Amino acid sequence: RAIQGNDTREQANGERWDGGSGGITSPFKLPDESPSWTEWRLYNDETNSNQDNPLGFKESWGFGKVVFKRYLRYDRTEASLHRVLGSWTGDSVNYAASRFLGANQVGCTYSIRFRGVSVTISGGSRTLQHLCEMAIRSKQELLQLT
């Protein structure tokens, strides 16, 4: 009850809005770099503002009703790819997940949105091992498709 409580998802939602550390444990190893409204609006320079070359991608990790979110900037380059692929890993997710799972199994989700295409991997807490190994390949592909 304490775990999975609304008192913890609120902190997981607010965890996004910190520099390199928020009061609780997070699955991500990189900071959120979400753009301000103005920096996004000014993202109507020479193109449409959402379809072809966006400023980044949005990814989410959920363990039950405990959801973490991140916006990372992806310059469509191999160097920037290697940078965003390390936003999370098997150990970071399980470590975080161990802090909100146990007892009765719940629903876990990883979601990623890029170029108007959303990809979501969903399964039970006991399949978290298989979700991660699939979330990494799905993510790697979504970011290398043209």
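Residue indices: 1-based, along the sequence shown.
message = If you take the mean CA temperature factor per stretch, which one wins between 1-9 and 135-143?
response = Mean CA B-factor is higher for 1-9.
query = Looking at the entry, does 45-53 or 98-106 show the higher mean C-alpha B-factor?
reply = The stretch with the larger average C-alpha B-factor is 45-53.
request  = Quick one: which of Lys29, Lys65, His82, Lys58 shows the highest Cα temperature factor in the PDB entry?
outcome  = Of the candidates given, the C-alpha B-factor peaks at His82.
query = Once the chain's modelled residues are ordered by C-alpha B factor and cut into thirds, is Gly20 in the lowest, middle or highest one?
reply = Top third by C-alpha B-factor.
query = How does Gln129 rank on Cα B-factor within its chain, lowest, middle or highest third?
reply = Answer is highest: the recorded C-alpha B-factor places it there.
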